[PDB]
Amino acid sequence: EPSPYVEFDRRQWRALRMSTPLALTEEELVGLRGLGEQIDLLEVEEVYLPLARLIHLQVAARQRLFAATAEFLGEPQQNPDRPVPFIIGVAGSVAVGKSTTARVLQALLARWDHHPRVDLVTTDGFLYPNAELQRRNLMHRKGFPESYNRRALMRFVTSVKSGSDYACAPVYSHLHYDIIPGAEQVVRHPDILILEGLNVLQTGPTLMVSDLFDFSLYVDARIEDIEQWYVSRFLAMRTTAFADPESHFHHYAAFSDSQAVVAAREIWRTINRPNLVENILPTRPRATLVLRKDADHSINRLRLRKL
């Protein structure tokens, strides 16, 4: 049975590091690591460094492709001070670590030669504001496809990849649980743009952001493990984020372990699980590379699309 995919284990995958330099300290790793995430410098050596290699190889080859269409159109030859930006999508469930994965990947690629401008944008900024979610009856569907201004997101990525000088994305506060009035993230003709979100890999009756990806990543794990990571991280946040009297979720700080397990389980069951099953997981088959995590957060298997 021939297949579009090839599976790896860490053994096999790490061999494809060749001689890529590790350009990242313990202190820097820390700054990118989210609460509960186990990633260390080893994993970055054996997992993220082959990945960065693969991407370097594909960036050049992906340029050929746009140049051919340029040659065809008889267009001015492509300004080397600004090629067509490489778009990378990073998807997966709440609590699976995908955000850390994208930050880390950003760090690795910013540290190539001649030092490529590598931007990272999360789809948080494209959530509808709370007022607008209330209007659409979606205050309990935050993270579902329809809780996003998908049109604005598509405008953004399309703006960037088409070679615009600058594009703006709004900005989300996790503290306040809402979009920040007046705040903008500004992205200026990067060489690489990484876009990270739950549903970035979605497809539809219209051209979407996944149709612009030159490369995509989906961070995966058994569903019960993710529930565990999610519940655990919720308990943990009682003394970090919820501890802030400003936090929209301050009332959670005073929960008992079991009150907090109960609350976390109910949010998992009513929001995050259904989203993962109905929307996120169906996008996995299209990802260039799946990073499979064992119950301890450790990436031990990988699935690559060779077709």
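Rigid core: the largest C-alpha set superposing within 1.5 Å between the two forms. Residue indices: 1-based, along the sequence shown.
Each structure in 8 other deposited structures of this protein is fitted to the shown form on the rigid core, and of 114-122 and 134-142 the C-alphas lie farther away on average for 114-122.
When the other structures are laid on the shown form by the rigid core, the stretch among 33-41 and 49-57 with the greater C-alpha deviation in 8 other deposited structures of this protein turns out to be 33-41. Looking at mean Cα B-factors across 251-259 and 277-285, the upper value is held by 251-259.
For the two regions 263-271 and 62-70, the entry's Cα B-factors average higher over 62-70.
In the PDB entry, the Cα temperature factor peaks, among 114, 142, 233, 155, at 114. Comparing the listed residues 122, 164, 101, 228, the entry records the largest Cα B-factor for 164. Ranked by C-alpha B-factor against the other modelled residues of its chain, residue 129 falls in the lowest third.
Among the modelled residues of its chain, residue 93 has a C-alpha B-factor that falls in the lowest third according to the deposited record. Remark: residue 201 belongs to the lowest third of its chain, ranked by C-alpha B-factor as recorded.
Compared with the other modelled residues of the chain, the Cα B-factor recorded for residue 24 ranks in the highest third.
The entry lists a Cα temperature factor for residue 56 that places it in the highest third of the chain's modelled residues.
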